[PDB]
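Q: Contents of final_19.cif (mmCIF, N, CA and C atoms) are given next:
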```
data_query
#
loop_
_atom_site.label_atom_id
_atom_site.label_comp_id
_atom_site.auth_asym_id
_atom_site.auth_seq_id
_atom_site.Cartn_x
_atom_site.Cartn_y
_atom_site.Cartn_z
N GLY A 1 8.98 -12.95 2.21
CA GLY A 1 9.42 -11.56 2.07
C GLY A 1 8.44 -10.76 1.24
N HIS A 2 8.72 -10.59 -0.05
CA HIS A 2 8.04 -9.63 -0.92
C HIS A 2 6.64 -10.06 -1.34
N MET A 3 6.40 -11.36 -1.57
CA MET A 3 5.11 -11.94 -1.94
C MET A 3 4.30 -11.19 -3.03
N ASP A 4 4.95 -10.40 -3.90
CA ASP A 4 4.31 -9.68 -5.00
C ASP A 4 3.41 -8.59 -4.41
N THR A 5 3.68 -8.09 -3.20
CA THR A 5 2.81 -7.10 -2.56
C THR A 5 3.63 -6.26 -1.57
N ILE A 6 3.32 -4.97 -1.51
CA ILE A 6 3.91 -4.02 -0.58
C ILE A 6 2.76 -3.56 0.33
N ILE A 7 2.99 -3.63 1.64
CA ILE A 7 2.10 -3.19 2.69
C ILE A 7 2.31 -1.69 2.89
N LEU A 8 1.33 -0.91 2.44
CA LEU A 8 1.21 0.51 2.74
C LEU A 8 0.73 0.64 4.17
N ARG A 9 1.64 0.57 5.14
CA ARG A 9 1.32 0.77 6.55
C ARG A 9 0.89 2.23 6.76
N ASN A 10 0.43 2.56 7.97
CA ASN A 10 -0.05 3.90 8.35
C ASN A 10 -1.32 4.32 7.61
N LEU A 11 -2.06 3.36 7.05
CA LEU A 11 -3.19 3.61 6.17
C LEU A 11 -4.41 4.08 6.96
N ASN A 12 -4.56 5.39 7.09
CA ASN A 12 -5.55 6.04 7.95
C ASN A 12 -6.96 5.46 7.71
N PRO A 13 -7.79 5.33 8.76
CA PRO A 13 -9.12 4.72 8.69
C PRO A 13 -10.12 5.43 7.78
N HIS A 14 -9.86 6.69 7.43
CA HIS A 14 -10.68 7.45 6.51
C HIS A 14 -9.92 8.00 5.29
N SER A 15 -8.69 7.55 5.01
CA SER A 15 -8.04 7.96 3.77
C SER A 15 -8.70 7.27 2.59
N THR A 16 -8.89 8.02 1.51
CA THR A 16 -9.38 7.53 0.24
C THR A 16 -8.26 6.73 -0.40
N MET A 17 -8.50 5.43 -0.57
CA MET A 17 -7.54 4.55 -1.21
C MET A 17 -7.17 5.14 -2.57
N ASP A 18 -8.10 5.83 -3.24
CA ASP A 18 -7.96 6.32 -4.60
C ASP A 18 -6.85 7.37 -4.71
N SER A 19 -6.70 8.25 -3.70
CA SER A 19 -5.59 9.21 -3.71
C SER A 19 -4.27 8.54 -3.32
N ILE A 20 -4.32 7.53 -2.44
CA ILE A 20 -3.16 6.72 -2.09
C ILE A 20 -2.70 5.85 -3.29
N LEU A 21 -3.60 5.40 -4.18
CA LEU A 21 -3.33 4.36 -5.17
C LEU A 21 -2.20 4.78 -6.09
N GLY A 22 -2.41 5.75 -6.98
CA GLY A 22 -1.36 6.18 -7.90
C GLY A 22 -0.16 6.73 -7.14
N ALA A 23 -0.39 7.43 -6.02
CA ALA A 23 0.64 7.98 -5.15
C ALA A 23 1.59 6.92 -4.57
N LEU A 24 1.24 5.63 -4.65
CA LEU A 24 2.14 4.54 -4.29
C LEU A 24 2.18 3.43 -5.34
N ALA A 25 1.66 3.66 -6.55
CA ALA A 25 1.59 2.67 -7.61
C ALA A 25 1.84 3.27 -9.00
N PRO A 26 3.00 3.90 -9.25
CA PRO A 26 3.37 4.35 -10.58
C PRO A 26 3.63 3.20 -11.57
N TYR A 27 3.95 1.99 -11.09
CA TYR A 27 4.32 0.83 -11.91
C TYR A 27 3.45 -0.40 -11.64
N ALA A 28 2.85 -0.50 -10.45
CA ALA A 28 1.92 -1.57 -10.11
C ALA A 28 0.59 -1.30 -10.80
N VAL A 29 0.14 -2.22 -11.65
CA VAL A 29 -0.85 -1.96 -12.69
C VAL A 29 -2.29 -2.21 -12.20
N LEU A 30 -2.69 -1.51 -11.13
CA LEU A 30 -3.90 -1.86 -10.35
C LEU A 30 -4.96 -0.76 -10.46
N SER A 31 -6.18 -1.02 -9.96
CA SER A 31 -7.24 -0.01 -9.88
C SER A 31 -8.18 -0.26 -8.70
N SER A 32 -8.73 -1.48 -8.61
CA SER A 32 -9.76 -1.83 -7.65
C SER A 32 -9.58 -3.28 -7.18
N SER A 33 -9.36 -4.24 -8.10
CA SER A 33 -9.34 -5.67 -7.80
C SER A 33 -8.11 -6.14 -7.00
N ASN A 34 -7.45 -5.25 -6.28
CA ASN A 34 -6.33 -5.52 -5.39
C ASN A 34 -6.42 -4.75 -4.08
N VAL A 35 -7.29 -3.75 -4.02
CA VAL A 35 -7.16 -2.65 -3.08
C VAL A 35 -7.77 -3.08 -1.75
N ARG A 36 -6.94 -3.65 -0.88
CA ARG A 36 -7.41 -4.31 0.33
C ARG A 36 -6.69 -3.71 1.51
N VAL A 37 -7.32 -2.79 2.24
CA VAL A 37 -6.76 -2.25 3.47
C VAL A 37 -7.20 -3.11 4.67
N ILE A 38 -7.41 -4.42 4.44
CA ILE A 38 -7.88 -5.43 5.40
C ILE A 38 -9.17 -4.96 6.11
N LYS A 39 -9.94 -4.11 5.43
CA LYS A 39 -10.97 -3.27 6.02
C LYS A 39 -12.03 -4.06 6.74
N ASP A 40 -12.60 -3.46 7.77
CA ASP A 40 -13.46 -4.17 8.71
C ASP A 40 -14.86 -4.43 8.13
N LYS A 41 -15.80 -4.81 8.99
CA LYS A 41 -17.15 -5.26 8.70
C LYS A 41 -18.13 -4.73 9.75
N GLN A 42 -17.65 -4.52 10.97
CA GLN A 42 -18.38 -3.95 12.09
C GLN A 42 -18.21 -2.44 12.03
N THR A 43 -16.97 -1.95 11.88
CA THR A 43 -16.69 -0.52 11.93
C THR A 43 -16.50 0.05 10.50
N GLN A 44 -16.29 -0.81 9.48
CA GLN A 44 -16.01 -0.45 8.09
C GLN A 44 -14.83 0.54 7.96
N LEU A 45 -13.73 0.27 8.66
CA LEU A 45 -12.53 1.11 8.64
C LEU A 45 -11.38 0.36 7.99
N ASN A 46 -10.43 1.12 7.44
CA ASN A 46 -9.13 0.61 7.01
C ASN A 46 -8.39 0.13 8.27
N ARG A 47 -7.73 -1.04 8.24
CA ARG A 47 -6.95 -1.56 9.38
C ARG A 47 -5.66 -0.79 9.67
N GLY A 48 -5.18 0.05 8.75
CA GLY A 48 -3.89 0.73 8.87
C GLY A 48 -2.81 0.15 7.96
N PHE A 49 -3.17 -0.70 6.99
CA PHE A 49 -2.21 -1.34 6.10
C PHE A 49 -2.90 -1.84 4.83
N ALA A 50 -2.47 -1.40 3.64
CA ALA A 50 -3.05 -1.82 2.35
C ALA A 50 -2.11 -2.72 1.58
N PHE A 51 -2.68 -3.72 0.89
CA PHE A 51 -1.94 -4.71 0.13
C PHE A 51 -1.96 -4.31 -1.35
N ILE A 52 -1.10 -3.35 -1.72
CA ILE A 52 -0.79 -3.03 -3.11
C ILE A 52 0.06 -4.15 -3.68
N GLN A 53 -0.57 -5.01 -4.48
CA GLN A 53 0.08 -6.05 -5.26
C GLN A 53 1.03 -5.43 -6.29
N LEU A 54 1.95 -6.22 -6.83
CA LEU A 54 2.91 -5.78 -7.83
C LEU A 54 2.71 -6.48 -9.17
N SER A 55 3.61 -6.20 -10.12
CA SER A 55 3.77 -6.95 -11.35
C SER A 55 4.61 -8.22 -11.14
N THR A 56 5.59 -8.24 -10.22
CA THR A 56 6.19 -9.48 -9.74
C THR A 56 6.63 -9.36 -8.27
N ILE A 57 6.85 -10.53 -7.67
CA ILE A 57 7.62 -10.76 -6.45
C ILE A 57 9.02 -10.12 -6.48
N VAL A 58 9.58 -9.91 -7.67
CA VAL A 58 10.87 -9.28 -7.88
C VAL A 58 10.68 -7.77 -7.82
N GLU A 59 9.87 -7.18 -8.70
CA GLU A 59 9.72 -5.72 -8.83
C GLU A 59 9.36 -5.09 -7.49
N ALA A 60 8.64 -5.80 -6.61
CA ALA A 60 8.29 -5.30 -5.29
C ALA A 60 9.54 -4.84 -4.52
N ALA A 61 10.61 -5.64 -4.51
CA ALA A 61 11.82 -5.31 -3.77
C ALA A 61 12.53 -4.09 -4.34
N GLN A 62 12.48 -3.93 -5.66
CA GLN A 62 13.12 -2.85 -6.38
C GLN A 62 12.30 -1.57 -6.25
N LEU A 63 10.98 -1.60 -6.43
CA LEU A 63 10.11 -0.43 -6.31
C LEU A 63 10.30 0.24 -4.95
N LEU A 64 10.51 -0.54 -3.89
CA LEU A 64 10.78 -0.07 -2.52
C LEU A 64 12.06 0.80 -2.43
N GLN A 65 12.94 0.82 -3.44
CA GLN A 65 14.10 1.72 -3.54
C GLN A 65 14.05 2.65 -4.78
N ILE A 66 12.87 2.81 -5.39
CA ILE A 66 12.59 3.70 -6.50
C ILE A 66 11.52 4.70 -6.06
N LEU A 67 10.38 4.23 -5.55
CA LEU A 67 9.18 5.03 -5.41
C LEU A 67 9.41 6.26 -4.57
N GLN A 68 9.96 6.12 -3.36
CA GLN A 68 10.19 7.23 -2.45
C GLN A 68 11.22 8.24 -2.98
N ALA A 69 12.15 7.78 -3.83
CA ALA A 69 13.10 8.63 -4.54
C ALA A 69 12.41 9.55 -5.56
N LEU A 70 11.15 9.29 -5.89
CA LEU A 70 10.28 10.07 -6.74
C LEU A 70 9.15 10.66 -5.90
N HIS A 71 8.49 11.67 -6.46
CA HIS A 71 7.34 12.38 -5.89
C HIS A 71 7.59 12.99 -4.49
N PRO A 72 6.73 13.90 -4.00
CA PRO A 72 6.89 14.46 -2.66
C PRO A 72 6.59 13.39 -1.59
N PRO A 73 6.99 13.63 -0.33
CA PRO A 73 6.60 12.78 0.79
C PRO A 73 5.07 12.76 0.92
N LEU A 74 4.47 11.60 0.65
CA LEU A 74 3.04 11.36 0.76
C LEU A 74 2.64 11.42 2.22
N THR A 75 1.58 12.19 2.50
CA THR A 75 1.03 12.35 3.84
C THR A 75 -0.44 12.74 3.69
N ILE A 76 -1.35 11.78 3.83
CA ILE A 76 -2.80 12.04 3.87
C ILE A 76 -3.27 11.78 5.30
N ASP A 77 -4.26 12.54 5.78
CA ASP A 77 -4.78 12.49 7.15
C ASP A 77 -3.66 12.61 8.20
N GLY A 78 -2.56 13.28 7.84
CA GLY A 78 -1.39 13.42 8.68
C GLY A 78 -0.68 12.09 8.95
N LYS A 79 -0.88 11.06 8.13
CA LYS A 79 -0.17 9.79 8.22
C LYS A 79 0.75 9.66 7.01
N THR A 80 2.06 9.60 7.22
CA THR A 80 2.99 9.13 6.20
C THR A 80 2.71 7.66 5.95
N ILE A 81 2.36 7.29 4.72
CA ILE A 81 2.31 5.88 4.30
C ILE A 81 3.69 5.26 4.53
N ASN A 82 3.77 4.18 5.30
CA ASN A 82 5.00 3.41 5.47
C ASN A 82 5.07 2.39 4.34
N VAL A 83 6.26 1.87 4.10
CA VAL A 83 6.58 1.12 2.90
C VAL A 83 7.18 -0.21 3.35
N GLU A 84 6.32 -1.16 3.73
CA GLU A 84 6.75 -2.46 4.24
C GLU A 84 6.46 -3.56 3.22
N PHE A 85 7.10 -4.74 3.30
CA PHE A 85 6.79 -5.85 2.39
C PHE A 85 5.70 -6.73 2.98
N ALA A 86 4.98 -7.45 2.11
CA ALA A 86 3.96 -8.41 2.50
C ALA A 86 4.57 -9.73 2.99
N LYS A 87 5.29 -9.70 4.11
CA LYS A 87 5.78 -10.92 4.75
C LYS A 87 4.59 -11.76 5.21
N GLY A 88 4.44 -12.96 4.67
CA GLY A 88 3.49 -13.97 5.11
C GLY A 88 4.14 -15.33 4.92
N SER A 89 4.78 -15.85 5.97
CA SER A 89 5.48 -17.14 5.95
C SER A 89 6.38 -17.27 4.72
#
```
What's the structure tokens form of this structure?
A:
Amino acid sequence: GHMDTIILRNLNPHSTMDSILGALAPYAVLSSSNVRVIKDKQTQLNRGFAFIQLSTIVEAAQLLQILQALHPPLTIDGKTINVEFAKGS
């Protein structure tokens, strides 16, 4: 389920992770050493999903019912960031 990470889906191929970062990480204590939009190597684009790690596997589930209740609806490059969990087995 939560895996200490929230998948910022809809992550536009040219959105600046830096404007997305605080806009989806008021409590996740990150800057650079987590910021992985699964980005390519041939095209150097964001895949459409970023792995914002958390402070715990627990806080991830709770932040998903706090964050959107705060701040305006985030929309960069006309993509609403979706708020999915890092399901990996």
Q: On this structure, the PyMOL selection byres (((chain A and resi 59 and name CA) around 12) and name CA) would catch which residues? List them as a VMD selection string, sorted by chain and number.
A: chain A and resid 2 to 6 25 27 to 29 53 to 58 60 to 67 85
Q: For the file shown, what are the residues hit by the PyMOL selection byres ((chain A and resi 47) around 6), laid out as a PDB file with N, CA and C atoms, in the coordinates of the input?
A:
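Output file part.pdb is given in full below:
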```pdb
ATOM      1  N   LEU A  11      -2.060   3.360   7.050  1.00  0.00           N
ATOM      2  CA  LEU A  11      -3.190   3.610   6.170  1.00  0.00           C
ATOM      3  C   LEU A  11      -4.410   4.080   6.960  1.00  0.00           C
ATOM      4  N   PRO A  13      -7.790   5.330   8.760  1.00  0.00           N
ATOM      5  CA  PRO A  13      -9.120   4.720   8.690  1.00  0.00           C
ATOM      6  C   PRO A  13     -10.120   5.430   7.780  1.00  0.00           C
ATOM      7  N   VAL A  37      -7.320  -2.790   2.240  1.00  0.00           N
ATOM      8  CA  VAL A  37      -6.760  -2.250   3.470  1.00  0.00           C
ATOM      9  C   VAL A  37      -7.200  -3.110   4.670  1.00  0.00           C
ATOM     10  N   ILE A  38      -7.410  -4.420   4.440  1.00  0.00           N
ATOM     11  CA  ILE A  38      -7.880  -5.430   5.400  1.00  0.00           C
ATOM     12  C   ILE A  38      -9.170  -4.960   6.110  1.00  0.00           C
ATOM     13  N   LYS A  39      -9.940  -4.110   5.430  1.00  0.00           N
ATOM     14  CA  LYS A  39     -10.970  -3.270   6.020  1.00  0.00           C
ATOM     15  C   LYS A  39     -12.030  -4.060   6.740  1.00  0.00           C
ATOM     16  N   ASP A  40     -12.600  -3.460   7.770  1.00  0.00           N
ATOM     17  CA  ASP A  40     -13.460  -4.170   8.710  1.00  0.00           C
ATOM     18  C   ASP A  40     -14.860  -4.430   8.130  1.00  0.00           C
ATOM     19  N   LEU A  45     -13.730   0.270   8.660  1.00  0.00           N
ATOM     20  CA  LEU A  45     -12.530   1.110   8.640  1.00  0.00           C
ATOM     21  C   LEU A  45     -11.380   0.360   7.990  1.00  0.00           C
ATOM     22  N   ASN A  46     -10.430   1.120   7.440  1.00  0.00           N
ATOM     23  CA  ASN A  46      -9.130   0.610   7.010  1.00  0.00           C
ATOM     24  C   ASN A  46      -8.390   0.130   8.270  1.00  0.00           C
ATOM     25  N   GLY A  48      -5.180   0.050   8.750  1.00  0.00           N
ATOM     26  CA  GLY A  48      -3.890   0.730   8.870  1.00  0.00           C
ATOM     27  C   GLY A  48      -2.810   0.150   7.960  1.00  0.00           C
ATOM     28  N   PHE A  49      -3.170  -0.700   6.990  1.00  0.00           N
ATOM     29  CA  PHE A  49      -2.210  -1.340   6.100  1.00  0.00           C
ATOM     30  C   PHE A  49      -2.900  -1.840   4.830  1.00  0.00           C
TER      31      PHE A  49
END
```
Q: Name all residues at most 10 Å from residue A:31 (count only C-alpha atoms; drop same-chain ones fewer than 4 positions away) and give them as a VMD selection string.
A: chain A and resid 17 to 18 21 to 22 25 35 52
Q: Using DSSP assignments from the backbone, pull out every residue in chain A that falls under strand (DSSP E or B) and give it to me as an MDAnalysis selection string.
A: chainID A and resid 5:9 49:53 76 79 82:85
Q: Have a look at A:79, A:9, A:14, A:71 and name the one nearest to residue A:51; count only C-alpha atoms.
A: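 Among the listed residues, the smallest separation from residue A:51 belongs to A:9.
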Q: Name the residues of chain A that come out as alpha helix (DSSP H) in a backbone DSSP run; write them as a list in words.
A: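 Filtering chain A down to alpha helix (DSSP H) leaves residues 17, 18, 19, 20, 21, 22, 23, 59, 60, 61, 62 and 63 of chain A.
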Q: Take atom CA of residue A:76 and atom CA of residue A:88 and report the distance between them in Å, one decimal.
A: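 Atom CA of residue A:88 lies at a distance of 26.8 Å from atom CA of residue A:76.
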Q: As an exercise, work out the distance from atom CA of residue A:20 to atom CA of residue A:89 in Å and give it to one decimal place.
A: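 Taking atom CA of residue A:20 as the start and atom CA of residue A:89 as the end point, the length is 26.6 Å.
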Q: So how many Å separate atom CA of residue A:10 and atom CA of residue A:81, to one decimal?
A: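 If I compute the distance from atom CA of residue A:10 to atom CA of residue A:81, I get 5.1 Å.
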Q: For a quick check of understanding, using only C-alpha atoms, which of A:24, A:7, A:34, A:15 has the smallest distance to residue A:72?
A: A:24
Q: Report the centre and edge lengths, in Å to one decimal, of an axis-aligned box enclosing every atom of stretch 20-25 of chain A listed in the file, padded by 6 Å on each side, as JSON.
A:
```
{"center_x": -1.1, "center_y": 5.3, "center_z": -5.5, "size_x": 18.5, "size_y": 17.3, "size_z": 18.9}
```
Q: Which residue is closest to residue A:8? Choose from A:87, A:82, A:73, A:44 and count all atoms listed in the file.
A: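 With all atoms listed in the file as the atom set, the closest residue is A:82.
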